[PDB]
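Next comes coords_4.pdb, a file with PDB, N, CA and C atoms.
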ATOM      1  N   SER A 138     245.784 -12.706 302.887
ATOM      2  CA  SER A 138     246.472 -12.778 301.585
ATOM      3  C   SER A 138     247.972 -12.508 301.764
ATOM      4  N   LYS A 139     248.700 -12.313 300.662
ATOM      5  CA  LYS A 139     250.078 -11.860 300.662
ATOM      6  C   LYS A 139     250.239 -11.015 299.399
ATOM      7  N   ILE A 140     251.315 -10.236 299.319
ATOM      8  CA  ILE A 140     251.659  -9.388 298.194
ATOM      9  C   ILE A 140     253.178  -9.458 298.021
ATOM     10  N   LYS A 141     253.672  -9.240 296.801
ATOM     11  CA  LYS A 141     255.097  -9.186 296.514
ATOM     12  C   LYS A 141     255.645  -7.836 296.983
ATOM     13  N   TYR A 142     256.732  -7.841 297.756
ATOM     14  CA  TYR A 142     257.315  -6.629 298.288
ATOM     15  C   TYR A 142     258.815  -6.825 298.485
ATOM     16  N   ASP A 143     259.541  -5.715 298.617
ATOM     17  CA  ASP A 143     260.950  -5.648 298.983
ATOM     18  C   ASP A 143     261.114  -4.373 299.813
ATOM     19  N   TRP A 144     262.277  -4.130 300.420
ATOM     20  CA  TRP A 144     262.465  -3.003 301.321
ATOM     21  C   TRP A 144     263.893  -2.470 301.277
ATOM     22  N   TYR A 145     264.064  -1.254 301.799
ATOM     23  CA  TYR A 145     265.315  -0.526 301.912
ATOM     24  C   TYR A 145     265.199   0.386 303.140
ATOM     25  N   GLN A 146     266.306   0.988 303.582
ATOM     26  CA  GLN A 146     266.291   1.913 304.702
ATOM     27  C   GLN A 146     267.527   2.814 304.676
ATOM     28  N   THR A 147     267.349   4.096 305.006
ATOM     29  CA  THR A 147     268.438   5.029 305.256
ATOM     30  C   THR A 147     268.736   5.005 306.757
ATOM     31  N   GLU A 148     269.815   5.659 307.193
ATOM     32  CA  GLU A 148     270.049   5.886 308.612
ATOM     33  C   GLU A 148     269.098   7.004 309.048
ATOM     34  N   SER A 149     267.796   6.700 309.079
ATOM     35  CA  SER A 149     266.698   7.627 309.349
ATOM     36  C   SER A 149     265.350   7.019 308.950
ATOM     37  N   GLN A 150     265.207   6.553 307.707
ATOM     38  CA  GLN A 150     263.923   6.161 307.137
ATOM     39  C   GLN A 150     263.904   4.667 306.844
ATOM     40  N   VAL A 151     262.808   3.978 307.172
ATOM     41  CA  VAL A 151     262.556   2.613 306.726
ATOM     42  C   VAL A 151     261.550   2.717 305.581
ATOM     43  N   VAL A 152     261.877   2.141 304.415
ATOM     44  CA  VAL A 152     261.138   2.324 303.173
ATOM     45  C   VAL A 152     260.771   0.950 302.601
ATOM     46  N   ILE A 153     259.475   0.641 302.502
ATOM     47  CA  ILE A 153     258.975  -0.646 302.033
ATOM     48  C   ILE A 153     258.363  -0.448 300.645
ATOM     49  N   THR A 154     258.886  -1.152 299.639
ATOM     50  CA  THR A 154     258.378  -1.152 298.277
ATOM     51  C   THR A 154     257.458  -2.350 298.073
ATOM     52  N   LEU A 155     256.146  -2.121 298.007
ATOM     53  CA  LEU A 155     255.217  -3.156 297.575
ATOM     54  C   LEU A 155     255.267  -3.170 296.050
ATOM     55  N   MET A 156     255.696  -4.293 295.474
ATOM     56  CA  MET A 156     256.029  -4.408 294.064
ATOM     57  C   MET A 156     254.751  -4.637 293.262
ATOM     58  N   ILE A 157     253.870  -3.636 293.250
ATOM     59  CA  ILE A 157     252.547  -3.743 292.653
ATOM     60  C   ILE A 157     252.239  -2.523 291.782
ATOM     61  N   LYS A 158     251.797  -2.793 290.546
ATOM     62  CA  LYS A 158     251.470  -1.794 289.538
ATOM     63  C   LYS A 158     249.955  -1.672 289.341
ATOM     64  N   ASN A 159     249.223  -2.789 289.414
ATOM     65  CA  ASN A 159     247.777  -2.818 289.190
ATOM     66  C   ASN A 159     247.046  -2.229 290.401
ATOM     67  N   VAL A 160     247.190  -0.920 290.617
ATOM     68  CA  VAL A 160     246.734  -0.261 291.830
ATOM     69  C   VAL A 160     246.540   1.240 291.582
ATOM     70  N   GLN A 161     245.726   1.889 292.417
ATOM     71  CA  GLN A 161     245.571   3.335 292.496
ATOM     72  C   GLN A 161     245.475   3.699 293.983
ATOM     73  N   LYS A 162     245.871   4.921 294.364
ATOM     74  CA  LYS A 162     245.942   5.412 295.743
ATOM     75  C   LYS A 162     244.790   4.905 296.618
ATOM     76  N   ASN A 163     243.550   5.080 296.156
ATOM     77  CA  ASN A 163     242.346   4.754 296.921
ATOM     78  C   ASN A 163     242.302   3.282 297.344
ATOM     79  N   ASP A 164     242.982   2.401 296.605
ATOM     80  CA  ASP A 164     243.029   0.979 296.904
ATOM     81  C   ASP A 164     243.872   0.722 298.149
ATOM     82  N   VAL A 165     244.906   1.542 298.347
ATOM     83  CA  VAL A 165     245.943   1.285 299.320
ATOM     84  C   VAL A 165     245.518   1.828 300.686
ATOM     85  N   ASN A 166     244.996   0.950 301.540
ATOM     86  CA  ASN A 166     244.705   1.257 302.931
ATOM     87  C   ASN A 166     245.901   0.820 303.774
ATOM     88  N   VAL A 167     246.834   1.741 304.037
ATOM     89  CA  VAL A 167     247.907   1.517 304.997
ATOM     90  C   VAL A 167     247.457   2.062 306.350
ATOM     91  N   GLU A 168     247.600   1.273 307.418
ATOM     92  CA  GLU A 168     247.364   1.731 308.781
ATOM     93  C   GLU A 168     248.617   1.496 309.627
ATOM     94  N   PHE A 169     248.927   2.471 310.485
ATOM     95  CA  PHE A 169     250.026   2.455 311.432
ATOM     96  C   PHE A 169     249.441   2.951 312.756
ATOM     97  N   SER A 170     249.409   2.132 313.811
ATOM     98  CA  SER A 170     248.866   2.566 315.098
ATOM     99  C   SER A 170     249.609   1.877 316.240
ATOM    100  N   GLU A 171     250.927   2.097 316.300
ATOM    101  CA  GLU A 171     251.828   1.497 317.276
ATOM    102  C   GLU A 171     251.628  -0.021 317.361
ATOM    103  N   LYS A 172     251.680  -0.682 316.204
ATOM    104  CA  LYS A 172     251.501  -2.118 316.065
ATOM    105  C   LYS A 172     252.429  -2.592 314.939
ATOM    106  N   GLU A 173     251.930  -3.451 314.049
ATOM    107  CA  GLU A 173     252.609  -3.865 312.835
ATOM    108  C   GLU A 173     252.202  -2.922 311.699
ATOM    109  N   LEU A 174     252.889  -3.012 310.563
ATOM    110  CA  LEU A 174     252.559  -2.231 309.383
ATOM    111  C   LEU A 174     251.598  -3.082 308.560
ATOM    112  N   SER A 175     250.309  -2.733 308.603
ATOM    113  CA  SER A 175     249.279  -3.403 307.825
ATOM    114  C   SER A 175     248.968  -2.548 306.596
ATOM    115  N   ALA A 176     249.363  -3.034 305.415
ATOM    116  CA  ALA A 176     249.092  -2.416 304.124
ATOM    117  C   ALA A 176     248.103  -3.299 303.371
ATOM    118  N   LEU A 177     246.834  -2.887 303.299
ATOM    119  CA  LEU A 177     245.753  -3.612 302.646
ATOM    120  C   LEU A 177     245.497  -2.959 301.286
ATOM    121  N   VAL A 178     245.903  -3.607 300.191
ATOM    122  CA  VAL A 178     245.658  -3.120 298.841
ATOM    123  C   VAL A 178     244.364  -3.753 298.322
ATOM    124  N   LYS A 179     243.259  -3.006 298.344
ATOM    125  CA  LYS A 179     242.000  -3.464 297.768
ATOM    126  C   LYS A 179     242.141  -3.472 296.242
ATOM    127  N   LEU A 180     242.396  -4.632 295.632
ATOM    128  CA  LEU A 180     242.669  -4.685 294.204
ATOM    129  C   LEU A 180     241.462  -4.214 293.391
ATOM    130  N   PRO A 181     241.699  -3.708 292.167
ATOM    131  CA  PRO A 181     240.651  -3.489 291.183
ATOM    132  C   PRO A 181     239.733  -4.714 291.126
ATOM    133  N   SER A 182     240.340  -5.903 291.062
ATOM    134  CA  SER A 182     239.687  -7.203 291.068
ATOM    135  C   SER A 182     239.041  -7.577 292.414
ATOM    136  N   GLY A 183     238.518  -6.614 293.179
ATOM    137  CA  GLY A 183     237.733  -6.851 294.383
ATOM    138  C   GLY A 183     238.559  -7.267 295.604
ATOM    139  N   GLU A 184     239.385  -8.310 295.471
ATOM    140  CA  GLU A 184     240.054  -8.937 296.602
ATOM    141  C   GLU A 184     241.088  -8.003 297.236
ATOM    142  N   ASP A 185     241.401  -8.244 298.509
ATOM    143  CA  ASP A 185     242.435  -7.516 299.225
ATOM    144  C   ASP A 185     243.756  -8.273 299.114
ATOM    145  N   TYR A 186     244.800  -7.607 298.626
ATOM    146  CA  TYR A 186     246.177  -8.072 298.646
ATOM    147  C   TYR A 186     246.843  -7.348 299.811
ATOM    148  N   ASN A 187     247.160  -8.073 300.884
ATOM    149  CA  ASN A 187     247.569  -7.470 302.144
ATOM    150  C   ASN A 187     248.959  -7.917 302.586
ATOM    151  N   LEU A 188     249.784  -6.961 303.027
ATOM    152  CA  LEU A 188     251.025  -7.225 303.737
ATOM    153  C   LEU A 188     250.804  -6.819 305.190
ATOM    154  N   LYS A 189     251.049  -7.741 306.122
ATOM    155  CA  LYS A 189     251.139  -7.451 307.543
ATOM    156  C   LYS A 189     252.604  -7.633 307.917
ATOM    157  N   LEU A 190     253.339  -6.524 307.957
ATOM    158  CA  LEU A 190     254.768  -6.507 308.198
ATOM    159  C   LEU A 190     254.968  -6.277 309.695
ATOM    160  N   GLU A 191     255.424  -7.310 310.405
ATOM    161  CA  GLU A 191     255.701  -7.228 311.828
ATOM    162  C   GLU A 191     257.014  -6.469 312.025
ATOM    163  N   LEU A 192     256.913  -5.141 312.090
ATOM    164  CA  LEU A 192     258.021  -4.214 312.299
ATOM    165  C   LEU A 192     258.898  -4.650 313.478
ATOM    166  N   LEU A 193     260.219  -4.454 313.375
ATOM    167  CA  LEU A 193     261.162  -4.658 314.472
ATOM    168  C   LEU A 193     260.624  -4.081 315.780
ATOM    169  N   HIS A 194     260.225  -2.807 315.752
ATOM    170  CA  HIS A 194     259.597  -2.106 316.862
ATOM    171  C   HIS A 194     258.434  -1.291 316.290
ATOM    172  N   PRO A 195     257.355  -1.067 317.056
ATOM    173  CA  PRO A 195     256.325  -0.114 316.678
ATOM    174  C   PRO A 195     256.934   1.292 316.695
ATOM    175  N   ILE A 196     256.330   2.235 315.967
ATOM    176  CA  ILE A 196     256.818   3.605 315.869
ATOM    177  C   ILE A 196     255.664   4.597 316.005
ATOM    178  N   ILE A 197     256.002   5.872 316.217
ATOM    179  CA  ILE A 197     255.043   6.961 316.346
ATOM    180  C   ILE A 197     254.317   7.109 314.999
ATOM    181  N   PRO A 198     252.994   6.875 314.926
ATOM    182  CA  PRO A 198     252.231   6.891 313.684
ATOM    183  C   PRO A 198     252.529   8.093 312.786
ATOM    184  N   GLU A 199     252.641   9.287 313.375
ATOM    185  CA  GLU A 199     252.937  10.534 312.673
ATOM    186  C   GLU A 199     254.170  10.436 311.763
ATOM    187  N   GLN A 200     255.132   9.572 312.102
ATOM    188  CA  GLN A 200     256.343   9.379 311.312
ATOM    189  C   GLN A 200     256.075   8.606 310.010
ATOM    190  N   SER A 201     254.859   8.080 309.833
ATOM    191  CA  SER A 201     254.509   7.128 308.792
ATOM    192  C   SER A 201     253.785   7.803 307.629
ATOM    193  N   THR A 202     254.124   7.419 306.399
ATOM    194  CA  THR A 202     253.517   7.918 305.178
ATOM    195  C   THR A 202     253.598   6.834 304.096
ATOM    196  N   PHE A 203     253.018   7.097 302.924
ATOM    197  CA  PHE A 203     253.142   6.233 301.762
ATOM    198  C   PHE A 203     252.761   6.983 300.490
ATOM    199  N   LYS A 204     253.286   6.530 299.350
ATOM    200  CA  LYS A 204     252.928   7.038 298.038
ATOM    201  C   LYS A 204     252.949   5.894 297.025
ATOM    202  N   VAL A 205     251.943   5.857 296.152
ATOM    203  CA  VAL A 205     251.910   4.950 295.019
ATOM    204  C   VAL A 205     252.852   5.536 293.968
ATOM    205  N   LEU A 206     254.003   4.899 293.736
ATOM    206  CA  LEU A 206     255.008   5.421 292.821
ATOM    207  C   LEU A 206     254.482   5.320 291.392
ATOM    208  N   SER A 207     253.897   4.161 291.069
ATOM    209  CA  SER A 207     253.281   3.774 289.797
ATOM    210  C   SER A 207     253.509   2.278 289.622
ATOM    211  N   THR A 208     254.777   1.902 289.488
ATOM    212  CA  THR A 208     255.231   0.530 289.332
ATOM    213  C   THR A 208     255.288  -0.194 290.681
ATOM    214  N   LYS A 209     255.471   0.558 291.772
ATOM    215  CA  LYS A 209     255.463   0.059 293.140
ATOM    216  C   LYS A 209     254.695   1.044 294.025
ATOM    217  N   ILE A 210     254.456   0.652 295.279
ATOM    218  CA  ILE A 210     253.978   1.532 296.337
ATOM    219  C   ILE A 210     255.132   1.671 297.319
ATOM    220  N   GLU A 211     255.577   2.901 297.578
ATOM    221  CA  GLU A 211     256.620   3.192 298.545
ATOM    222  C   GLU A 211     255.946   3.629 299.841
ATOM    223  N   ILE A 212     255.976   2.772 300.860
ATOM    224  CA  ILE A 212     255.576   3.113 302.216
ATOM    225  C   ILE A 212     256.852   3.578 302.909
ATOM    226  N   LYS A 213     256.820   4.689 303.653
ATOM    227  CA  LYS A 213     257.981   5.148 304.405
ATOM    228  C   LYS A 213     257.561   5.420 305.838
ATOM    229  N   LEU A 214     258.405   5.030 306.791
ATOM    230  CA  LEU A 214     258.238   5.376 308.185
ATOM    231  C   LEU A 214     259.576   5.868 308.723
ATOM    232  N   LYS A 215     259.599   7.096 309.244
ATOM    233  CA  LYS A 215     260.823   7.678 309.765
ATOM    234  C   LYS A 215     261.090   7.107 311.162
ATOM    235  N   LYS A 216     262.238   6.462 311.355
ATOM    236  CA  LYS A 216     262.604   5.901 312.643
ATOM    237  C   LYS A 216     262.730   7.038 313.672
ATOM    238  N   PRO A 217     262.118   6.920 314.866
ATOM    239  CA  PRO A 217     262.241   7.898 315.943
ATOM    240  C   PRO A 217     263.686   8.316 316.234
ATOM    241  N   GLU A 218     264.618   7.357 316.210
ATOM    242  CA  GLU A 218     266.050   7.604 316.271
ATOM    243  C   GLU A 218     266.677   6.944 315.046
ATOM    244  N   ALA A 219     267.752   7.532 314.525
ATOM    245  CA  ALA A 219     268.425   7.085 313.316
ATOM    246  C   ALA A 219     269.317   5.870 313.596
ATOM    247  N   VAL A 220     268.729   4.794 314.122
ATOM    248  CA  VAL A 220     269.410   3.532 314.381
ATOM    249  C   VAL A 220     269.145   2.578 313.217
ATOM    250  N   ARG A 221     270.142   1.782 312.825
ATOM    251  CA  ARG A 221     269.975   0.826 311.744
ATOM    252  C   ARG A 221     269.108  -0.341 312.220
ATOM    253  N   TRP A 222     267.912  -0.501 311.649
ATOM    254  CA  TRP A 222     267.106  -1.692 311.872
ATOM    255  C   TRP A 222     267.752  -2.844 311.105
ATOM    256  N   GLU A 223     268.836  -3.397 311.659
ATOM    257  CA  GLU A 223     269.621  -4.483 311.077
ATOM    258  C   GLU A 223     268.717  -5.548 310.447
ATOM    259  N   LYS A 224     267.672  -5.921 311.189
ATOM    260  CA  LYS A 224     266.584  -6.773 310.746
ATOM    261  C   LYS A 224     265.296  -5.940 310.752
ATOM    262  N   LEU A 225     264.704  -5.707 309.576
ATOM    263  CA  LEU A 225     263.481  -4.921 309.423
ATOM    264  C   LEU A 225     262.367  -5.461 310.319
ATOM    265  N   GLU A 226     262.122  -6.766 310.200
ATOM    266  CA  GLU A 226     261.000  -7.428 310.834
ATOM    267  C   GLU A 226     261.429  -7.933 312.212
ATOM    268  N   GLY A 227     260.463  -8.152 313.108
ATOM    269  CA  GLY A 227     260.643  -8.688 314.453
ATOM    270  C   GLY A 227     261.513  -9.944 314.463
ATOM    271  N   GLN A 228     262.832  -9.748 314.549
ATOM    272  CA  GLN A 228     263.843 -10.769 314.366
ATOM    273  C   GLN A 228     263.575 -11.593 313.099
ATOM    274  N   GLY A 229     263.321 -10.886 311.993
ATOM    275  CA  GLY A 229     263.270 -11.496 310.672
ATOM    276  C   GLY A 229     264.586 -12.205 310.342
TER     277      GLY A 229
END

Would you write the structure of this file as structure tokens?
Amino acid sequence: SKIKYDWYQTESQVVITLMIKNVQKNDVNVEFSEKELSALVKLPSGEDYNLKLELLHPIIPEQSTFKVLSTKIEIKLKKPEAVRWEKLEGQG
């Protein structure tokens, strides 16, 4: 599948906003395991709305978190070093 999303980053944190409201925490299966950022939103409506974000570089899983804001889902991953990921995705 695909989902509507946008992103931002500090000189420290990479922050991905999945632009989804029809959701609750339990729906949002985010996995980080030194690969891509796979965010599988199991919709109320049964189906999975999934983002597979091919990160510029894999990161230490422990640096990774997420919260359902309400109107969006904010996934955050703290960059191991505070370098600007000029391009979020693998040469996006």

### Message
Here's the selection I'm unsure about, the PyMOL selection byres ((chain A and resi 175) around 7); applied to the file above, which residues does it give, as a list in words?
### Response
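Output from the PyMOL selection byres ((chain A and resi 175) around 7), applied to this file: residues 166, 167, 168, 169, 172, 173, 174, 176, 177, 187, 188, 189 and 190 of chain A.
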
For N, CA and C atoms, I'd like the residues from the last selection saved as a compact mmCIF listing (two decimals), keeping the file's coordinate frame.
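Here's the written file part05.txt:
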# COMPACT_ATOMS: atom_id res chain seq x y z
N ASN A 166 245.00 0.95 301.54
CA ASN A 166 244.70 1.26 302.93
C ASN A 166 245.90 0.82 303.77
N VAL A 167 246.83 1.74 304.04
CA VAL A 167 247.91 1.52 305.00
C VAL A 167 247.46 2.06 306.35
N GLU A 168 247.60 1.27 307.42
CA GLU A 168 247.36 1.73 308.78
C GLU A 168 248.62 1.50 309.63
N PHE A 169 248.93 2.47 310.48
CA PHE A 169 250.03 2.46 311.43
C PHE A 169 249.44 2.95 312.76
N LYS A 172 251.68 -0.68 316.20
CA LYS A 172 251.50 -2.12 316.06
C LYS A 172 252.43 -2.59 314.94
N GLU A 173 251.93 -3.45 314.05
CA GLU A 173 252.61 -3.86 312.83
C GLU A 173 252.20 -2.92 311.70
N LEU A 174 252.89 -3.01 310.56
CA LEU A 174 252.56 -2.23 309.38
C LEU A 174 251.60 -3.08 308.56
N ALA A 176 249.36 -3.03 305.42
CA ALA A 176 249.09 -2.42 304.12
C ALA A 176 248.10 -3.30 303.37
N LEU A 177 246.83 -2.89 303.30
CA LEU A 177 245.75 -3.61 302.65
C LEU A 177 245.50 -2.96 301.29
N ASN A 187 247.16 -8.07 300.88
CA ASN A 187 247.57 -7.47 302.14
C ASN A 187 248.96 -7.92 302.59
N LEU A 188 249.78 -6.96 303.03
CA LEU A 188 251.02 -7.22 303.74
C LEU A 188 250.80 -6.82 305.19
N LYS A 189 251.05 -7.74 306.12
CA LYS A 189 251.14 -7.45 307.54
C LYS A 189 252.60 -7.63 307.92
N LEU A 190 253.34 -6.52 307.96
CA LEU A 190 254.77 -6.51 308.20
C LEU A 190 254.97 -6.28 309.70

### Task
Would you return as a ChimeraX atom specification the members of chain A that DSSP assigns to helix (DSSP H, G or I) on this structure's backbone?
/A:162-164,198-200

### Task
Could you expand the PyMOL selection byres ((chain A and resi 141) around 7) into the explicit residues it covers here, written as number ranges by chain?
A: 139-140, 142-143, 154-157

### Message
Using DSSP assignments from the backbone, pull out every residue in region 144-208 of chain A that falls under strand (DSSP E) and give it to me as an MDAnalysis selection string.
### Response
chainID A and resid 144:146 150:155 165:168 174:179 185:190 201:205

### Message
Which residues would end up in the selection if the PyMOL selection byres (((chain A and resi 197 and name CA) around 8) and name CA) were applied here, given that I need the answer as a ChimeraX atom specification?
### Response
/A:170-171,195-196,198-201,217

### Message
My list of candidates is A:218, A:159, A:229, A:165. Which is closest to residue 182 (chain A) when distances are computed with all atoms listed in the file?
### Response
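The closest residue to residue 182 (chain A) is A:159.
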
#### Entry: atom N of residue 203 (chain A) to atom C of residue 161 (chain A), distance in Å rounded to a single decimal
12.2 Å

### Message
I need the residue nearest residue 225 (chain A) from this list: A:205, A:183, A:193, A:153. Use only N, CA and C atoms for the distance.
### Response
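Under the stated criterion, the closest residue is A:193.
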
I'd like the box whose edges run along x, y and z of the file and which contains every listed atom of region 174-180 of chain A, padded by 6 Å per side; could you state its centre and edge lengths in Å, one decimal, as lines of an AutoDock Vina configuration file?
center_x = 247.2
center_y = -3.5
center_z = 302.0
size_x = 23.4
size_y = 14.5
size_z = 29.2

### Task
Work out how far atom N of residue 179 (chain A) is from atom C of residue 204 (chain A), in Å to one decimal.
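One can read the atom C of residue 204 (chain A) to atom N of residue 179 (chain A) distance as 13.2 Å.
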
### Task
For each of A:221, A:148, A:180, A:192, take the minimum atom-to-atom distance to residue 160 (chain A), counting only N, CA and C atoms, then give the residue where this is smallest.
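Closest to residue 160 (chain A), using only N, CA and C atoms: A:180.
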
### For atom C of residue 184 (chain A) and atom C of residue 150 (chain A), the interatomic separation in Å (one decimal)
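One can read the atom C of residue 184 (chain A) to atom C of residue 150 (chain A) distance as 27.8 Å.
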
### Message
Counting only C-alpha atoms, which residue out of A:194, A:162, A:209, A:215 sits closest to residue 227 (chain A)?
### Response
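For residue 227 (chain A), the nearest of the candidates is A:194.
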
### Task
Would you mind telling me which residue in A:163, A:147, A:202, A:208 lies nearest to residue 223 (chain A) when using only C-alpha atoms?
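Counting only C-alpha atoms, the residue closest to residue 223 (chain A) is A:147.
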
### Query
Looking at only C-alpha atoms, which of A:181, A:152, A:146, A:224 is the one that sits closest to residue 212 (chain A)?
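Nearest to residue 212 (chain A): A:152.
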
From the block I gave, I'd like region 150-227 of chain A written with C-alpha atoms, as a PDB file, in the first residue's frame.
ATOM      1  CA  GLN A 150      16.352  14.234  14.968  1.00  0.00           C
ATOM      2  CA  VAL A 151      14.687  12.948  11.774  1.00  0.00           C
ATOM      3  CA  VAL A 152      10.895  13.338  12.209  1.00  0.00           C
ATOM      4  CA  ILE A 153       8.352  11.738   9.807  1.00  0.00           C
ATOM      5  CA  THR A 154       4.707  12.929   9.927  1.00  0.00           C
ATOM      6  CA  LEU A 155       2.290  10.319   8.569  1.00  0.00           C
ATOM      7  CA  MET A 156      -0.658  12.579   7.701  1.00  0.00           C
ATOM      8  CA  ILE A 157      -3.315  10.224   9.100  1.00  0.00           C
ATOM      9  CA  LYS A 158      -6.132  10.882  11.608  1.00  0.00           C
ATOM     10  CA  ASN A 159      -8.285   7.714  11.243  1.00  0.00           C
ATOM     11  CA  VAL A 160      -5.944   5.758  13.543  1.00  0.00           C
ATOM     12  CA  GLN A 161      -5.176   4.700  17.151  1.00  0.00           C
ATOM     13  CA  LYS A 162      -1.769   3.669  18.673  1.00  0.00           C
ATOM     14  CA  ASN A 163      -2.474  -0.098  18.440  1.00  0.00           C
ATOM     15  CA  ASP A 164      -2.924   0.219  14.643  1.00  0.00           C
ATOM     16  CA  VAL A 165       0.546   1.679  14.144  1.00  0.00           C
ATOM     17  CA  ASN A 166       3.140  -1.101  13.814  1.00  0.00           C
ATOM     18  CA  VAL A 167       6.424   0.772  13.273  1.00  0.00           C
ATOM     19  CA  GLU A 168       9.528  -1.459  13.045  1.00  0.00           C
ATOM     20  CA  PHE A 169      13.172  -0.297  12.962  1.00  0.00           C
ATOM     21  CA  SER A 170      15.877  -3.025  12.748  1.00  0.00           C
ATOM     22  CA  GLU A 171      18.891  -1.517  10.930  1.00  0.00           C
ATOM     23  CA  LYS A 172      16.978  -1.518   7.617  1.00  0.00           C
ATOM     24  CA  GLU A 173      14.310   0.833   6.180  1.00  0.00           C
ATOM     25  CA  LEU A 174      11.595   2.529   8.262  1.00  0.00           C
ATOM     26  CA  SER A 175       8.540   0.278   7.854  1.00  0.00           C
ATOM     27  CA  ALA A 176       5.419   1.921   9.361  1.00  0.00           C
ATOM     28  CA  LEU A 177       2.404  -0.421   8.928  1.00  0.00           C
ATOM     29  CA  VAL A 178      -0.864   1.313   9.950  1.00  0.00           C
ATOM     30  CA  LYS A 179      -3.501  -1.434  10.344  1.00  0.00           C
ATOM     31  CA  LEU A 180      -6.554   0.727   9.537  1.00  0.00           C
ATOM     32  CA  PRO A 181      -9.858   0.455  11.446  1.00  0.00           C
ATOM     33  CA  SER A 182     -11.117  -0.627   7.985  1.00  0.00           C
ATOM     34  CA  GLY A 183      -9.026  -3.871   8.181  1.00  0.00           C
ATOM     35  CA  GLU A 184      -6.462  -3.025   5.466  1.00  0.00           C
ATOM     36  CA  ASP A 185      -2.830  -2.045   6.113  1.00  0.00           C
ATOM     37  CA  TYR A 186      -1.774   1.478   5.054  1.00  0.00           C
ATOM     38  CA  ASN A 187       2.019   1.115   4.937  1.00  0.00           C
ATOM     39  CA  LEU A 188       5.001   3.432   4.406  1.00  0.00           C
ATOM     40  CA  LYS A 189       8.330   1.736   3.640  1.00  0.00           C
ATOM     41  CA  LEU A 190      10.707   4.697   3.895  1.00  0.00           C
ATOM     42  CA  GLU A 191      14.151   3.767   2.540  1.00  0.00           C
ATOM     43  CA  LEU A 192      16.189   5.822   5.051  1.00  0.00           C
ATOM     44  CA  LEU A 193      19.401   7.538   3.816  1.00  0.00           C
ATOM     45  CA  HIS A 194      21.290   5.239   6.230  1.00  0.00           C
ATOM     46  CA  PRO A 195      20.060   2.598   8.723  1.00  0.00           C
ATOM     47  CA  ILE A 196      20.304   3.697  12.391  1.00  0.00           C
ATOM     48  CA  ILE A 197      20.587   2.170  15.889  1.00  0.00           C
ATOM     49  CA  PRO A 198      16.994   0.934  16.636  1.00  0.00           C
ATOM     50  CA  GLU A 199      17.141   2.309  20.225  1.00  0.00           C
ATOM     51  CA  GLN A 200      17.246   5.855  18.742  1.00  0.00           C
ATOM     52  CA  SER A 201      13.785   5.246  17.182  1.00  0.00           C
ATOM     53  CA  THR A 202      10.342   6.122  18.612  1.00  0.00           C
ATOM     54  CA  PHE A 203       6.862   7.259  17.497  1.00  0.00           C
ATOM     55  CA  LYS A 204       3.673   8.873  18.834  1.00  0.00           C
ATOM     56  CA  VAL A 205       0.173   9.227  17.372  1.00  0.00           C
ATOM     57  CA  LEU A 206      -0.271  13.020  17.644  1.00  0.00           C
ATOM     58  CA  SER A 207      -4.005  12.786  16.726  1.00  0.00           C
ATOM     59  CA  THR A 208      -4.177  14.470  13.310  1.00  0.00           C
ATOM     60  CA  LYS A 209      -0.842  12.857  12.286  1.00  0.00           C
ATOM     61  CA  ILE A 210       1.576  10.168  13.520  1.00  0.00           C
ATOM     62  CA  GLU A 211       5.009  11.591  14.417  1.00  0.00           C
ATOM     63  CA  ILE A 212       7.732   8.949  13.998  1.00  0.00           C
ATOM     64  CA  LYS A 213      11.117  10.200  15.301  1.00  0.00           C
ATOM     65  CA  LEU A 214      14.576   8.677  14.960  1.00  0.00           C
ATOM     66  CA  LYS A 215      17.561  10.393  16.580  1.00  0.00           C
ATOM     67  CA  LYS A 216      20.520  10.478  14.162  1.00  0.00           C
ATOM     68  CA  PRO A 217      23.631   8.769  15.715  1.00  0.00           C
ATOM     69  CA  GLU A 218      25.560  11.948  14.776  1.00  0.00           C
ATOM     70  CA  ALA A 219      23.938  15.381  14.299  1.00  0.00           C
ATOM     71  CA  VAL A 220      24.611  15.476  10.523  1.00  0.00           C
ATOM     72  CA  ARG A 221      22.030  16.998   8.152  1.00  0.00           C
ATOM     73  CA  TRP A 222      20.366  14.216   6.129  1.00  0.00           C
ATOM     74  CA  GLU A 223      20.246  16.588   3.111  1.00  0.00           C
ATOM     75  CA  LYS A 224      18.153  13.891   1.401  1.00  0.00           C
ATOM     76  CA  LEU A 225      15.977  11.921   3.889  1.00  0.00           C
ATOM     77  CA  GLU A 226      15.609   8.882   1.638  1.00  0.00           C
ATOM     78  CA  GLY A 227      18.362   6.778  -0.037  1.00  0.00           C
TER      79      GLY A 227
END
